[PDB]
Amino acid sequence: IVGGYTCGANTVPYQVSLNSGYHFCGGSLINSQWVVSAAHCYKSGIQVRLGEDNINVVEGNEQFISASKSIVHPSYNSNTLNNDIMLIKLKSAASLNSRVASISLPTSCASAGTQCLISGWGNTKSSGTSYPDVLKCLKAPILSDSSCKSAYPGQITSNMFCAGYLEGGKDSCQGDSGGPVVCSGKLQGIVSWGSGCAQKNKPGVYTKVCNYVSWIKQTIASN
Amino acid sequence: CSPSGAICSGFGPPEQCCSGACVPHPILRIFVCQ
Ligand SMILES: [Ca+2]
Ligand SMILES: [Cl-]
Ligand SMILES: [Cl-]
């Protein structure tokens, strides 16, 4: 996250880290056994880390649970990034508490201008080497679909929205992939892509979760 | 070690990757092996 602020320990209790030795993607806890992340975060040997604040230091609220299943959306298109969503099942249910909590799925799509919380342990600078430790947060509005298409002509699908700022310096960034965009207490987005990060006139592009609720429910039920 | 194009970690050492470089992807918000 570039141009954001320190969240505070466990103030984003649905934020998880996908780990393979080291953190490599974010994700969102949607019930005690399931995490939502990006299809492009798919790889074998994932451990989910819940209750993290400082990702480098044990603070006492962590749960470390192996993934048992990783289910990429069956229409994920790695060429266009359409349908960039994955579900991960935990090998055992997480213990839910004030610091480890699920986030609700949306009941409708959010409108342009809706303010959202984006979070993660990604790079905090738009160029060069970052040294993140604690979870970072950014408040960012959903942009109009027309301004989104204007920023990325010929590249925005109906399963994406832009969120953030046109002026630069405030955005999600590398290492934030798969993490949450939450608006009014609902998970509306997944950190996906952009032209670099925090660049002028190139806001972040996010998977539009509201289009996947039935697929999410079906995948949970059948697995 | 992970092949070129594999996902890797901005927190991890260069030896994550066979190529010895784990770099930010230009588009996706992950790091990948050079
Ligand atoms: Ca920790
Ligand atoms: Cl960790
Ligand atoms: Cl498609």
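Note: ideal-geometry Cβ built from the backbone for every residue, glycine included; neighbour counts use all protein chains shown. Readers should treat all values here as calculations from the given coordinates under stated rules, not as data from a laboratory.
In which sequence would A:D133, A:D84 go, from the one with the fewest C-beta neighbours within 10 Å to the one with the most?
With the sparsest Cβ surroundings first, the list reads A:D133, A:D84.
Non-local amide H neighbours of A:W34 (under 5 Å, H modeled in plane, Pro and chain starts lacking H): which ones?
Under 5 Å from the amide H of A:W34: A:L90.
Amide H to amide H under 5 Å from A:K208: which residues, 5+ apart in sequence or cross-chain, H placed 1.01 Å off N in plane?
A:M160, A:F161
Looking at segment A:44-123, which trypsin sites (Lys or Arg not before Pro) are DSSP coil and have at most 12 other C-beta atoms within 10 Å of their C-beta? Provide the component values of the computation, followed by the final result.
Numbers: sites: A:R49, A:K69, A:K89, A:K91, A:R99; in loops: A:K91, A:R99.
Those that pass, being in a loop and sparsely packed, are A:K91.
Explain nothing, just the number: dipole magnitude of chain A about its Cα centre with +1 on each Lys and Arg Cβ and -1 on each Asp and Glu Cβ, in debye rounded to the nearest 20.
In total the dipole reaches around 320 debye.
Just to confirm a number: summing +1 for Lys and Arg and -1 for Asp and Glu over residues other than A:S68 whose beta-carbon lies under 9 angstrom from that of A:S68, what do you get?
Overall, the nearby charge balance is +3.
Tabulate in residue order the Karplus-calculated ³J(HN,Hα) for segment A:91-108, using 6.51 cos²θ - 1.76 cosθ + 1.60 with θ = phi - 60°, rounded to whole Hz; enter x for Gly and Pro.
4, 9, 5, 5, 7, 7, 7, 5, 9, 10, 8, 7, 10, 5, 6, x, 9, 7
Of the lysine pairs in segment A:57-190, how many meet both conditions: Cα atoms under 23 Å apart, and a spacing of 8 or more in sequence or different chains?
Eligible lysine pairs with Cα atoms under 23 Å apart amount to 13.
Check B:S9: other-chain or 5+ apart residues with amide H under 5 Å from its amide H, H built from backbone geometry?
none
What is the fewest-to-most order of A:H23, B:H25 by other Cβ atoms lying within 10 Å of their Cβ?
Taking fewest neighbouring Cβ atoms as first place, the list is B:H25, A:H23.
Order these by the 10 Å Cβ neighbour count, fewest first: A:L166, A:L138, A:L90.
Neighbour counts put them in this order, fewest first: A:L166, A:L90, A:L138.
Can you work out ³J(HN,Hα) from phi for every residue in segment A:74-83, in order, using Karplus 6.51 cos²θ - 1.76 cosθ + 1.60 and θ = phi - 60°, giving whole Hz and x for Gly and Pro?
x, 10, 3, 10, 6, 7, 10, 6, 5, 6
Tell me, what ³J(HN,Hα) does each residue in segment A:23-36 have, in order and in whole Hz, if you take phi through Karplus 6.51 cos²θ - 1.76 cosθ + 1.60 with θ = phi - 60° and put x for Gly and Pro?
3, 9, 7, x, x, 10, 7, 10, 7, 4, 10, 9, 10, 9
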